[PDB]
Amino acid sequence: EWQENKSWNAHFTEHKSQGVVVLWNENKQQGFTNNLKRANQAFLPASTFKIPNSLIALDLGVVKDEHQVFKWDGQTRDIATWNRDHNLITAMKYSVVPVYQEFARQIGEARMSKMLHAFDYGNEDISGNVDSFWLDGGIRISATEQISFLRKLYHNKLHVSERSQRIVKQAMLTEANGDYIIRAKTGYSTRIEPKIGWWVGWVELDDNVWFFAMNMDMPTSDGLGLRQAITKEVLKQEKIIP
């Protein structure tokens, strides 16, 4: 069911890094990784939490739809794309933390906790501040646990409405061409050691879906582009994409 290929470590070590890639073949129900231990080690989800956070906000009516505008609060932040109005689509695309912090405040501790347990999401622990627990609180999730959660979402099996799941999968759209579609979300965790980057999602092909979840050491922001680049190079090596 699970195969470990330590030779794939070269994708990380050739960049003076270390990490894990996890792939799941939905048709064959088989998994692949370079490191079974790290595949099951739990990290802060950071901005990959925008997937469950969006689902909860939509299902509770905190967010009406993907067109509702979340007005910039007029506080100048150091990420230029955050200093503007957003909807769910662009908020996901630009990982706009302050918009999702307000989502969490309106969701509230009790409903957030209950929904994460319903999702079987990571350690389901929201200890910390309700508006930042996914950045510096107690919640943790592994690469394999991300795959499990994403598979439920793909099949509309999460305990929210079909509509909420369709909207979030629309907002996850990252790349599409004549050969494949990628729906995914990046993450960048810096507040608690070790600093890492995430990329989790899936690749849609004509007759199969390949789920993926990766994290990697990220001592500085200079390496953030390696999250997607390394993953796609693994996918290309395994003949999942051209």
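The first residue of the sequence shown is number 1, and the count goes up from there.
89 to 97 and 155 to 163 differ in mean CA B-factor, and the higher of the two is recorded for 155 to 163.
Among the modelled residues of the chain, residue 10 sits in the highest third by CA temperature factor in this PDB entry. Ranked against the other modelled residues of its chain, the C-alpha B-factor of residue 110 as given in the entry falls in the highest third. Ranked by C-alpha B-factor against the other modelled residues of its chain, residue 150 falls in the lowest third. For residue 197, the recorded CA temperature factor ranks within the lowest third of the chain's modelled residues. Annotation for residue 17: C-alpha temperature factor in the highest third relative to the rest of the modelled chain, per the entry.
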